[PDB]
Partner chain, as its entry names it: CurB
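First, one chain by itself: the form deposited without the partner chain, in structure tokens.
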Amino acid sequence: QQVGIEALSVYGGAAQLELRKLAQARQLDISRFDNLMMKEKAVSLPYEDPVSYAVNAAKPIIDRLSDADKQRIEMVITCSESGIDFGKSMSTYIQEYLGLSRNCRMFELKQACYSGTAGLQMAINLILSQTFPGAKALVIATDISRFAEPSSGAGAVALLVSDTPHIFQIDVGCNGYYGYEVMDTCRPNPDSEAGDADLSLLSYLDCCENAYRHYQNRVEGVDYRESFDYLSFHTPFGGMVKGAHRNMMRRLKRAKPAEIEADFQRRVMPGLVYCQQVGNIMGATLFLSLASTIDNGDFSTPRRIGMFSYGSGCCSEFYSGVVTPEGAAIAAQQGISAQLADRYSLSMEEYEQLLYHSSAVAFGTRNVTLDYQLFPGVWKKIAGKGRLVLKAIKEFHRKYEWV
């Protein structure tokens, strides 16, 4: 039976910071961010939050659907570690502002950066259950980093999941997973994060190897080089993905350094292009890598892509699917590259004021009325584009506006 991603759209912020500017101002060496493969990060404005990010990611998917097809969306799963309430899912606001049916299951899913993949797998199982033939699911991974600093971005990726997978056809039952309790990173307080970078790295590699091994036990004769034309990873920053791929290749194939580096460039580097322009966007990062792989790699014949998802805490999953030339052409028409190039480029001064202004929309805020003209220049880049923004919070009720 067939199942997968019918459509994929991305929102990479309205603004970004070139990390060279951060380095220079923060008295670090410029070869640092270069060595880690970080170029830019998306930055959220105070009149934006995970809801507005998610709706803007999803809006193009919904714009294209017939009314009948729009009404077939019967599940909305929001995947996030930047929640705004202890009980209320963001899915309720998303439903409201996209105009979806009231006959719709709505909830939010949490397991650090694994959340997106977990949501995708639940959606896949809805279609495969055949409980409601024709039903689609909308899965949106959305996260903002509202203050590690240099790698922490903002973005969202929306996936429409159905039995006509125009973009990514899932290899059904081809899944391995692995997790265990570990304090690599966590978010025990609002608008905050705690963790050990060295333990983060160890756990990511341990899961990368063991999740793949589980997949291997389930998919007989699979080969780490030959069965996958490209690889996409959860990408905290590019340097770390390069390390993990190097480790996999050394162990699984006894490959030599030069061979490993050529394989990295061919199979992995295409996925990192967009990741370097947004930074780590948590549960949405793997899906952005997929989108990047599709736009930047070669799809003149169908290709298989291996997917590795990881979330601190920890849990992980390795899985796969296929993209055709048709799929790649549809994906190219979304214009991700151009979207990312048109974002406003922040000066260091603007960026520090942005940080200072972010306290007003902290977790738990009861009332706030946003000033859209905080940065008039950023506003020029938004007005008229049909973007959702956060207008206000009144007695904890969030109100949003199309601008």
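Numbering follows the first chain given and starts at 1.
Below, we turn to the form solved in complex with the partner chain, even though it does not appear here.
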Inset, instruction - Give a yes or no for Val322: in the deposited bound form, does one of its heavy atoms lie within 4.5 Å of a heavy atom belonging to the partner chain? - result: no
Inset, instruction - State yes or no: in the deposited bound form, is some non-hydrogen atom of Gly239 no more than 4.5 angstroms from a non-hydrogen atom of the partner chain? - result: yes
Inset, instruction - Evaluate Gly243 for contact with the partner chain in the deposited bound form, applying a 4.5 angstroms cut-off between non-hydrogen atoms, and reply yes or no. - result: yes
Inset, instruction - Could you confirm whether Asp198 comes within 4.5 Å of the partner chain in the deposited bound form, counting heavy atoms only? - result: yes
Legend entry - Location of the partner chain contact in the deposited bound form, chosen stretch of 293-301, 245-253, 329-337, 222-230 [non-hydrogen atom, 4.5 Å]: 245-253
Legend entry - Partner-contacting position among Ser203, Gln276, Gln169, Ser145 - heavy atom within 4.5 Å of the partner chain in the deposited bound form: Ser203
Inset, instruction - Give a yes or no on whether every one of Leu36, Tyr180 and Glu209 sits within 4.5 angstroms of the partner chain in the deposited bound form by heavy atom. - result: yes
